[PDB]
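Chains as they are written, first to last, in the authors' numbering: chain B, 1 to 32; chain A, 1 to 31; chain C, 1 to 33. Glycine included, every Cβ here is placed at the ideal spot set by N, Cα and C. Take a look at the structure set out below.
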Amino acid sequence: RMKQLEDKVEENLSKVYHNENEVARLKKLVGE
Amino acid sequence: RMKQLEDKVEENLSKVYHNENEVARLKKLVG
Amino acid sequence: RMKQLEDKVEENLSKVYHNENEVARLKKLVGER
Ligand SMILES: [Cl-]
Ligand SMILES: [Cl-]
Numbered sequence: 001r002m003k004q005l006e007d008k009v010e011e012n013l014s015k016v017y018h019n020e021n022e023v024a025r026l027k028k029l030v031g032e
Numbered sequence: 001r002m003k004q005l006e007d008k009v010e011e012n013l014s015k016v017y018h019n020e021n022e023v024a025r026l027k028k029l030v031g
Numbered sequence: 001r002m003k004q005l006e007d008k009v010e011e012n013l014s015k016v017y018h019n020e021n022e023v024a025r026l027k028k029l030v031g032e033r
């Protein structure tokens, strides 16, 4: 059960890093 | 304590998923 | 082990929060005005 939660936590981390990088990429595309 | 942690993980996933969808929408606003 | 995982989850929540704020900024950048 703790192992199952650890997998879910590492997946959430993957997802957040990916969203962070997608935001950064879009900012680079548009500019102020 | 473990069920509190499981609830927090579920909430984090819900918030990540919302952010994902917001990013997708903003991409299409530029795209 | 559980304490360590709690700490990781708190860090993920921080990262989610920072991402929320960056998304809000992007919304202003790509919206009309
Ligand atoms: Cl998490
Ligand atoms: Cl996120």
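Check: Using a C-beta to C-beta distance shorter than 9 Å, which residues of chain C count as neighbours of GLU10 (chain A)?
Finding: Here the question's residue 10 (chain A) lines up with position 10 in the second sequence. Counting only Cβ-Cβ distances below 9 Å, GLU10 (chain A) has no contacts in chain C at all, with the closest Cβ about 11 Å away.
Next item on the list: Using a cut-off of 9 Å between C-beta atoms, extract the partners of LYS27 (chain B) located in chain C.
Entry: Locating residue 27 (chain B) in the first sequence gives position 27, counting from the first residue. Those within 9 Å of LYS27 (chain B) in chain C are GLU22, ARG25, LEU26, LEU29.
Check: For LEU26 (chain A), does the count of other Cβ atoms within 10 angstroms reach 16, so buried, or fall short, so exposed?
Finding: As a first step, residue 26 (chain A) must be located in the second sequence, where it is residue number 26. By the 16-neighbour rule on beta-carbons within 10 angstroms, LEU26 (chain A) is buried.
Check: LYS15 (chain C) touches chain B at which residues, Cβ-Cβ below 8 Å?
Finding: Translated into positions along the third sequence, residue 15 (chain C) becomes position 15. Against chain B, the beta carbon of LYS15 (chain C) has neighbours under 8 Å at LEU13, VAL16, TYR17, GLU20, listed in chain order.
Margin query: I'd like to know whether the C-beta atoms of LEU5 (chain A) and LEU5 (chain C) end up nearer to each other than 8 Å.
Written below: Stepping through the second sequence from its first residue, residue 5 (chain A) is reached at position 5. Stepping through the third sequence from its first residue, residue 5 (chain C) is reached at position 5. For the pair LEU5 (chain A) and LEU5 (chain C), the CB atoms are nearer than the 8 Å cut-off.
Note to self: I need the straight-line Cα distance from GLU10 (chain B) to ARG33 (chain C), nearest angstrom please.
What the structure shows: The count along the first sequence starts at 1 and reaches residue 10 (chain B) at position 10. The count along the third sequence starts at 1 and reaches residue 33 (chain C) at position 33. Rounded to whole angstroms, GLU10 (chain B) to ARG33 (chain C) spans 38 Å at the Cα level.
Next item on the list: Please report how far the alpha carbon of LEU29 (chain C) lies from the alpha carbon of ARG1 (chain C), in whole angstroms.
Entry: Within the third sequence, numbered from 1, the residue matching residue 29 (chain C) stands at position 29. Within the third sequence, numbered from 1, the residue matching residue 1 (chain C) stands at position 1. Roughly 42 Å between the two C-alpha positions.
Note to self: How far does the alpha helix (DSSP H) with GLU22 (chain C) in it extend, from its first residue to its last?
What the structure shows: In the third sequence, counting from the first residue as 1, residue 22 (chain C) sits at position 22. That run of the alpha helix (DSSP H) goes 2-30.
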